[PDB]
Every structure is written in C-alpha cells, then in structure tokens.
Amino acid sequence: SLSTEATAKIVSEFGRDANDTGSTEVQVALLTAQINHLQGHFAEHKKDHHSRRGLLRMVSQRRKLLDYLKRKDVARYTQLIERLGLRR
Amino acid sequence: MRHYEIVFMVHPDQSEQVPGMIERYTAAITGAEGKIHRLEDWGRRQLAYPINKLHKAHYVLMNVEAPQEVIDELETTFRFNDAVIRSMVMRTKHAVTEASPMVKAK
Amino acid sequence: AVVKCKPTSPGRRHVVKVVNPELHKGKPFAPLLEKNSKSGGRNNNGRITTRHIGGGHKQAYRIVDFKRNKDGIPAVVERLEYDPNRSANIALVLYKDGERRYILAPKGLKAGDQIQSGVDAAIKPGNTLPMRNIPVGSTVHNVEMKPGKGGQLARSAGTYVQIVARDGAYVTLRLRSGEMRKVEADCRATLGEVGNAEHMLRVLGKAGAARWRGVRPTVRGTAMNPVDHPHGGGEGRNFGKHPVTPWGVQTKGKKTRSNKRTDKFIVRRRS
Amino acid sequence: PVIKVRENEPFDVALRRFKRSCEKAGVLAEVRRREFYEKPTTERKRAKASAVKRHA
Amino acid sequence: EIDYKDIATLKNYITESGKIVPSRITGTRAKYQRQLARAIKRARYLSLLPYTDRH
RNA sequence: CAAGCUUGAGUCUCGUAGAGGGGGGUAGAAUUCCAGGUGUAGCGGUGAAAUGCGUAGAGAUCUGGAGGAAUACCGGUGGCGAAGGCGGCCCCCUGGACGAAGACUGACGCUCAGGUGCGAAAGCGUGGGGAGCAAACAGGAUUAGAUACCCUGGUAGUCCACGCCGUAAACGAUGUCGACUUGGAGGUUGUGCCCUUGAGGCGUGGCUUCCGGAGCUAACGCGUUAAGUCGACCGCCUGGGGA
RNA sequence: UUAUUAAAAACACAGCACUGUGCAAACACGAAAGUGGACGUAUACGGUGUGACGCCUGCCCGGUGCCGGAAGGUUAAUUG
C-alpha cells in the first residue's frame with residue numbers, strides 16, 4: 001500500500017488538520033493515490049486478478065464517496081475532482 | 001533500506017580469495033549508503049551432502065542493510081562468480097548483531 | 001506488433017504483417033551501403049544453378065559488423081533499422097571515438113543502450129566476448145566458428161545458441177537445429193538472442209508478395225513431362241515412383257551430408 | 001534405516017533391529033502408497049474418513 | 001527465535017534419516033512447528049542438514 | 001426539506017498469522033534416456049499366462065551426462081481466498097483479514113433485474129516443450145462374444161506464453177446483509193491481567209471442527225457458523241415424461 | 001499456358017507437411033579452377049507433395065524405398 005510518509009502528506013494537504021484522516025476529501029485522495037500507484041503494477045502484472053479485485057474495491061469505494069460528497073456539498077466535490085484530475 | 005542476511009559458500013580450493021571477496025562486498029555495500037550489521041567467516045565446514053562432487057565448503061555469513069540495487073548486483077556477482085558454489089540471500093525483520101550459533105559454539 | 005489486415009480484397013484477406021514502430025523511418029547510413037546486384041540464380045556460366053530465384057525489389061547491401069573486434073571502446077545504439085538483406089533487424093551503434101557501425105540487433109535492445117566488446121565487457125545482451133569468458137549455460141548469438149573469422153551461427157531473426165559445456169580449449173553448443181557442436185573457446189559470441197522473433201508469424205497473403213522477395217514460382221515435378229523431371233507425366237495424375245530431386249536423387253529421407261573433415265566437431269547430429 | 005551390526009551382537013537381533021527401524025521409518029507403507037496414482041479427491045476423501053474414524 | 005543456523009537445535013526435530021518429525025510426536029506448537037519446518041528446509045538448502053540419510 | 005448525533009459504514013497509527021495472487025531464480029529425491037565399467041541368463045508382467053525386452057549382453061550394480069514434471073517428511077475434520085482454487089526454498093511487486101489503544105468523517109448503508117468481471121477439468125487456435133502418466137490406437141489375454149475390466153506399448157493431452165471456451169455432484173445439494181436465543185469439548189490466530197511458579201491460571205476478540213438443549217422438520221436431521229425467532233432485497237419452483 | 005485449331009477443371013499461388021542442409025552447407029553449373037546458393041547461417045536454404053479458409057485427415061511397415069543396427073553368414077582388389 002502507500003507508505004506512511006505519503007499517507008501523512010496526503011492527509012495534511014487534503015485534510016482540515018493533521019489528524020483529520022476520516023474526511024471524505026482525505027479518503028478520496030488516498031484512494032486515488034493508491035489507484036494511481038497500482039496502475040503501474042497492473043501494467044506489468046495483467047494476470048493478477050486477485051489484486052485487481054482489491055483495486056476494483058478501491059475504485060468502487062472512491063466512487064461511492066464521491067457520490068456522497070456530490071450529494072452533500074457540490075462545491076467541495078468540484079474542488080476535489082479538479083485537484084485530483086477525475087471526471088474521466 | 002531493508003535488512004538482508006547473505007550466506008554464500010566458496011570452493012574449498014578458493015579459501016584465500018575469500019578475504020578479497022568480503023572486502024569487495026563490504027565496499028559495494030557501504031559505498032551505497034548501506035550498513036553491515038554482522039560479518040562471520042565460518043571457515044571450511046563439512047557438507048551434509050556433496051555439492052558439485054565436493055565436500056568441505058567454505059562458509060561466510062553477512063548481515064547487511066542495503067537497498068535493492070546493490071543486493072541485485074550482489075546476487076548477479078554470486079551467479080557469475082565460479083568460485084561461489086552456493087549462495088542464499090534472505091530478508092530479516094530487523095538488524096541482527098548477535099553472534100550466530102556457528103561462532104557462538106566457541 | 002503482429003497485425004492482421006482486414007479483408008477488403010481477396011489478396012489482403014490472409015495477410016498478416018509485422019509492424020515495428022521503433023524502426024528508423026528514413027534513409028540508412030550512407031557510408032555503410034554497397035551495391036548488391038541480383039543474380040537470378042545464375043552462376044558465371046550464365047546457367048540457372050538455383051531455381052526459383054529472380055525479380056524482386058532492388059536492395060542495397062548494409063555492411064554489418066560480424067567480427068565485433070573493436071574491444072574496450074563503449075558504444076551506444078543510435079537507432080534500429082530495417083535491413084532487406086536479412087530477416088533480423090540491425091542497429092546503428094556509435095562508438096566513443098566517433099565510428100559508426102552496423103550490428104545485428106539483439107532482443108530487447110533499444111536506442112540509448114550501451115554495448116561493449118572484449119574480454120572485460122559486462123555480461124549483458126549486446127556485449128561480445130570470447131566464449132571462454134562467457135558463463136556456461138548462457139544464451140548467445142552471432143557465434144564464430146574460427147577465432148577472428150566473424151559470426152556465422154545464430155544470425156537469423158529470433159535465433160540463439162546456448163553453451164552447454166566447456167572443457168579444455170573447446171566449448172559445446174546446442175544450435176537451433178538441435179545439433180551439438182564443438183567450437184574452440186577463443187571464438188567470440190554476442191550475449192542475448194537475435195531480435196525480431198515474431199518474424200516467423202508473418203503471412204505473405206498473396207502470390208505477388210513472394211515475387212517481391214525475388215522468389216519465382218515452383219513447378220511440381222509431377223506436373224511435367226518425363227523428359228523434364230523423373231516424376232514424369234502419365235495420363236491423368238500418376239506418380240507410381242519414389243520421390244526424387246529433378247536430378248534423380250532420392251528426397252524425403254536420404255542423408256546427403258558427406259564431410260569427413262568436420263565430423264570431429266559434431267558431438268551429436270540433429271534429430 | 002541404516003543398521004550397523006555392532007560387536008557382541010548376534011545376527012538375529014541385528015535383523016530384528018533392522019526391521020524395527022525400517023518399520024519406524026515407514027518406507028514399506030510409502031512405497032506401497034506410491035505405486036498407483038490416487039486422485040486428489042480420493043486422497044482428500046481418504047484423509048477425511050481417517051480423521052473421522054479417529055474419533056472414539 | 002528459531003534460527004536455521006542453530007543445527008544443534010534443529011537436529012532434535014529430525015529423525016535419523018533427516019525427515020522432519022511431526023508436531024504430535026514432539027508436542028510443539030503449530031506456529032513454532034511451521035517455523036521449524038521452514039528453518040529445516042533452509043538449512044537443508046545450505047547443506048547444513050542432510051535431505052535424506054543417503055545424501 | 002433543513003440542521004444535527006454516533007452506535008451502522010468507512011479513514012489513519014502500531015503490529016500479527018497465512019499453500020492469497022503475479023514475475024524471476026534455485027535445491028534435493030525419484031522416473032526415463034544416452035555413454036562407459038563389472039557381470040550372466042534371464043527380466044518384465046499376471047489369478048495364471050502371453051504380447052514385450054534379452055546372448056547384437058537384457059534385468060542387477062557402479063560412474064558421468066541430458067531433459068521435463070511434481071515438490072516425500074513438515075502435513076493436521078490445519079491456514080489463506082468471493083468462488084474456482086492455492087503445498088520445496090529464496091528474492092521483487094501486490095490484495096485481503098484480524099487484534100490493541102486512540103483520533104477522524106458523520107448514514108456516506110444493505111440488496112440488486114439488465115450490465116460487467118473472475119470462473120476446476122476437459123476442449124479449441126498460434127508458437128514451444130515433452131521425462132512420467134495416458135483418451136484414441138495396436139497387440140496379448142479373459143469370455144459364448146469382450147469394440148471392457150487385466151497386461152505390453154502408445155498419439156492427442158497433461159507442462160509453458162498469449163487468446164478462446166464459460167461448463168461441473170462449480171455441494172454445505174443450505175443467496176447476501178443485520179438483530180436476538182441454554183451449553184460442552186477441541187483447533188488456529190491476536191491481545192490483556194497476575195510472587196508470570198511452570199509448557200500456568202483467569203478474561204477478551206477473529207476464523208474454525210465435533211456433540212448436543214429449547215425450537216423447527218414428513219422424517220433424516222439442523223441446532224448461536226440454524227434448517228430456531230425476525231427484518232430488507234434478489235434468484236428460483238408449480239405432477240412424471242416429451243425436455 | 002499449347003506464337004499459328006485447345007484459356008480450361010490444366011499451371012502457378014498464399015498456406016500446410018515431410019525431408020535434406022552446421023556453412024568450405026546441402027544442391028546446381030563446371031574434366032578443373034571456380035561460380036551460383038549467399039556477401040545468406042536452421043525464424044536460413046534446397047528438394048518433394050498438397051494447394052485460401054472451415055471441420056478434418058482413420059487402419060496396414062507384409063511388398064518396394066528410406067533410416068538405424070551391428071553380432072553372425074556371405075563377399076573384391078590385395079596377400080601367396
């Protein structure tokens with residue numbers, strides 16, 4: 001998974017505090033970082049279905065978090081999807 | 001920087017090339033900002049079974065903390081060195097600076 | 001990559017071509033080109049000595065360095081180039097002193113890789129060493145059979161040779177034909193295997209595609225008259241005889257190797 | 001199952017010791033087990049049945 | 001704390017023919033039995049222990 | 001609709017166990033084959049035989065070599081995985097689960113037609129590889145016959161890379177999620193407490209095997225891992241054949 | 001493709017298979033030198049049969065051929 005330092009950096013830049021590790025923005029950012037990191041692994045290991053299942057779990061969890069955020073506050077949703085480079 | 005435990009056997013006829021091999025390996029490990037936790041020259045030991053029609057191989061043990069590039073170079077060196085008849089690199093959880101039983105027997 | 005063309009024409013239906021986006025799209029290196037005139041399979045008597053040769057696209061000969069005797073000096077690969085004279089691709093390398101040469105492109109090589117020949121070269125694909133300095137079991141190509149003569153074995157696309165044993169002044173090689181041969185250790189070889197391995201996957205697709213390569217049609221002996229071929233004529237389709245060459249030598253089984261000079265180097269014949 | 005006939009022992013006790021050692025090593029059972037192929041389902045069912053009958 | 005280099009200790013968990021003894025005979029925990037099996041296999045690789053009584 | 005809350009659901013910290021997956025390397029035992037030494041008339045196989053190999057020197061034994069496949073002992077109604085499945089050792093990449101004490105978000109949840117993905121073995125396509133085993137096939141037996149069981153061989157296949165196939169008694173013949181309801185003996189994996197007496201005792205989680213109480217069931221049996229008492233959603237059934 | 005009575009179902013063909021060939025290659029033209037094969041090197045080259053693709057390609061090694069075997073029998077020049 002992500003190292004401790006990368007996780008701390010993401011939590012700091014996406015959270016309202018250094019301890020706000022549960023915010024929707026922090027969770028979506030961590031999931032996006034893990035997906036982007038896994039992208040390179042699966043480019044080389046196209047036959048790793050067992051890990052791709054966890055990758056798809058991460059993708060679906062990020063999708064549900066983004067849906068909840070868009071339904072809750074669309075402004076933060078837009079800021080997040082522009083800061084992370086989403087929307088296909 | 002992960003910790004590794006390196007054990008390699010040398011041909012018995014090449015026992016005096018072992019100090020030079022150790023010198024080169026420590027040079028390569030510390031040159032890459034790595035540490036050496038333990039280094040033990042067990043000397044010649046009777047083999048439990050013949051390896052390449054040989055008995056009485058020369059054993060050396062190393063405990064190093066080094067990146068993966070230098071460890072890959074060390075494995076390549078072991079593979080291409082004809083004097084090293086057998087080697088094995090293993091990861092360890094933490095640094096090991098305690099004397100192994102082979103030298104703890106004395 | 002291996003791509004199949006869409007059947008927009010009966011001649012294009014079965015064409016399967018090999019595309020390589022890394023090949024140089026441009027003219028080859030001029031100082032390493034020569035005139036390569038066609039022969040039509042005719043010898044100096046003007047007679048056809050090898051049938052089914054003729055026509056095809058004009059080709060210029062690339063001077064490929066098969067000796068690799070520029071030791072000690074590193075070289076970098078500038079680009080991979082198409083070579084019409086062989087099935088493999090060739091790489092234009094640039095030595096440190098400014099000399100450019102053509103070598104057979106091994107598998108995995110790309111522009112920017114660094115190669116070197118000599119007894120001190122590192123063991124990696126592209127390097128050339130005397131076979132006594134190469135570990136037993138390794139896979140090599142462009143092998144010499146006489147020291148300093150130039151590589152002659154494993155030069156086709158995708159081919160390679162593995163050193164199976166070394167003793168005294170000789171090493172034993174397993175050729176791509178499955179034959180075990182002895183070669184003296186001072187002969188040189190290049191690490192790795194020849195690139196363009198998917199060359200065998202291509203399908204020409206139409207009769208004209210073979211004509212571009214200078215291959216004229218092959219007439220079956222049984223389709224001729226008795227004066228032309230031992231397989232003769234007959235009312236209808238008749239064979240009734242053992243298959244032979246146009247000159248009466250039994251094909252399909254009869255061994256033709258007769259060379260007592262080189263028998264001492266053949267450890268075991270192919271099978 | 002190496003048996004070295006030590007001094008001051010008759011042959012019969014050495015032979016009986018050799019048999020005891022070769023049976024504690026389980027070589028005959030193994031070479032009788034390995035002479036025919038047992039499907040993975042068959043060996044799993046046999047192990048399950050043996051574990052079930054080892055309950056008394 | 002089972003070390004493949006501790007052949008004096010590993011020889012207590014192998015038979016006279018070099019085979020690993022089952023955990024039911026020595027009554028050792030499953031976790032330390034797995035550690036012992038791994039250590040014995042590694043020591044067999046390093047030719048510190050025999051694979052069999054033959055070689 | 002608006003604002004909340006933390007108990008459902010997630011994030012972070014530190015660790016734990018594991019044949020979870022993908023890639024590369026390597027080790028030993030054994031089978032087969034090749035070459036040679038010793039050695040001589042049998043070997044192999046079966047209920048018994050014969051086909052088969054063997055005086056051109058087999059089988060046995062010893063030495064060297066080649067190649068492929070699978071990993072004895074550990075090993076265990078043991079472990080991991082959604083399922084199919086996963087078993088030498090080492091390294092590289094990587095998913096999930098669990099536990100301790102906290103911090104964080106604040107219903108973000110459950111189920112899911114159509115849809116998509118994974119999916120044993122056999123089978124198919126291309127290129128390799130091929131020791132053992134072995135559909136088809138051949139021969140020897142048995143038999144009234146024997147297109148079989150048994151024997152001697154043996155091709156595809158089994159193995160690798162990449163695609164396809166999408167089926168199994170794919171089974172717990174038991175859909176997923178959540179709550180509640182007496183017990184006993186174990187296994188495995190964390191964690192806490194105590195002159196730690198001990199490989200100790202006492203708690204507290206996760207997964208797991210057997211027995212059994214109420215209850216339920218046509219019965220067999222299930223029984224806190226329910227086939228008991230309920231709730232949400234889905235799939236499916238409507239006599240046997242035809243099918 | 002039968003110039004000048006036959007244009008076709010014949011020949012070729014891409015594809016397939018077998019087989020030979022380790023490079024001074026096999027093979028071919030050459031009393032020879034040499035040349036072609038090829039400034040190529042088994043993913044290459046020659047020969048033979050078949051003839052895109054799809055589904056496939058069963059049984060027979062007695063005869064003839066080819067390949068392997070080397071014990072034995074027979075057997076040339078030579079030897080005398």
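Naming: A, B, ... by sequence-line order, numbering from 1 per chain. Computed over heavy atoms, backbone and side chain alike; hydrogens, waters and symmetry mates excluded.
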I'd like to know if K48(D) reaches the base of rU77(F) with its side chain, counting only an N/O donor and acceptor under 3.5 Å. no

Quick one: do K5(E) and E5(B) satisfy salt bridge (charged side-chain N to carboxylate O under 4.0 Å, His left out)? Show the steps, please. CA-CA 12 Å; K5(E) 296 180 245 65; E5(B) 195 167 64; 3.6 Å; yes

Hey, do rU11(F) and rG109(F) pair up, Watson-Crick or G-U wobble, with both distances short of 3.5 Å? no

Please report the distance, rounded to the nearest Å, between NE2 in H37(A) and P in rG95(F). 7 Å

Does the pair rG172(F) and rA173(F) meet both stacking conditions, six-membered ring centres under 5.5 angstrom and ring planes under 30°? no

Using whole Å, report how far NZ of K264(C) lies from P of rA24(G). 13 Å

May I ask whether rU26(F) and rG88(F) qualify as a Watson-Crick or G-U wobble pair, both distances being under 3.5 Å? yes

In whole angstrom, what separates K252(C)'s NZ from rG65(G)'s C1'? 13 Å

Distance check needed: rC27(G) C1' versus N43(C) CG, whole Å only. 13 Å

Hey, mind stepping through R71(A) and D67(A) against salt bridge (charged side-chain N to carboxylate O under 4.0 Å, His left out) and telling me if it holds? CA-CA 6 Å; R71(A) 180 227 315 153; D67(A) 290 352; over 6 Å; no

5' priority, RNA chain G, between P243(C) and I53(C) [closest heavy atom]: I53(C)

When rounded to whole Å, the OH to P distance for the pair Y32(E) and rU16(F) reads 12 Å

Is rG67(F) paired with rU31(F)? Use Watson-Crick or G-U wobble and require both distances under 3.5 Å. no

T172(C): which of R181(C), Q162(C), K182(C) passes side-chain contact (heavy atoms from CB on, under 4.5 Å): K182(C)

Should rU46(F) and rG47(F) be reported as a stacked step, that is, with six-membered ring centres less than 5.5 angstrom apart and planes less than 30° apart? no

Taking the six-membered ring of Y49(B) as reference, does the cationic atom of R54(E) (NZ for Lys, CZ for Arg) lie under 6.0 Å from its centre and within 45° of its axis? no

Expressed in whole Å, how much space separates the P atoms belonging to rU174(F) and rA168(F)? 15 Å

Can you tell me if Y37(D) is stacked onto the base of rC133(F), using a 5.5 Å centroid cut-off and an angle below 30°? no

note: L48(E), atom CG; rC89(F), atom P; distance rounded to Å ~ 17 Å

Axis-to-axis angle between the two ends of the helix from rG183(F)-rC211(F) to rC194(F)-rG200(F) (five base pairs per end, rounded to 10 degrees): 10°

Pairing annotation in dot-bracket form, given for RNA chain G with Watson-Crick or G-U pairs under 3.5 Å and | for cross-strand partners: ..............(((((((.....(((....))).......)))))))..............................

Where each residue is assigned the nucleotide of RNA chain G containing its nearest heavy atom, which of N36(C) and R269(C) is assigned the position nearer the 5′ end? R269(C)

Inter-nucleotide P distance (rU155(F), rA135(F)), Å rounded: 12 Å

To the nearest angstrom, how far is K255(C) atom NZ from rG68(G) atom P? 4 Å

For residues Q27(A) and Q61(A), report the shortest heavy-atom separation together with the two atoms involved. OE1-NE2, 4.5 Å

Taking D20(A)'s backbone N and O only, do any of them form a donor-acceptor pair with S23(A)'s side chain (distance below 3.5 Å, no angle check)? no

Can you tell whether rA121(F) is stacked with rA122(F), judging only by whether their six-membered base rings have centres under 5.5 Å apart and planes under 30 degrees? yes

Spell out yes or no: do the side chain of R24(E) and the base of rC74(F) have one donor N/O and one acceptor N/O closer than 3.5 Å? no

Using the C1' atom as the point on both nucleotides, what is the distance between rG183(F) and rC195(F), in whole Å? 36 Å

Base stack present between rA103(F) and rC104(F), cut-offs 5.5 angstrom and 30 degrees: yes

With sugar-phosphate meaning primed atoms plus P, OP1 and OP2, does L30(A) contact a base, only sugar-phosphate, or nothing at under 4.0 Å between heavy atoms? sugar-phosphate

Applying a cutoff of 5.5 Å on centroid distance plus 30° on plane angle, are these adjacent nucleotides, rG198(F) and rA199(F), stacked? no

Between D228(C) (CG) and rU48(G) (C1'), how many Å, whole number? 17 Å

Once salt bridge (charged side-chain N to carboxylate O under 4.0 Å, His left out) is applied, do any residues pair with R34(D), and if so which ones, sequence neighbours excluded? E30(D)

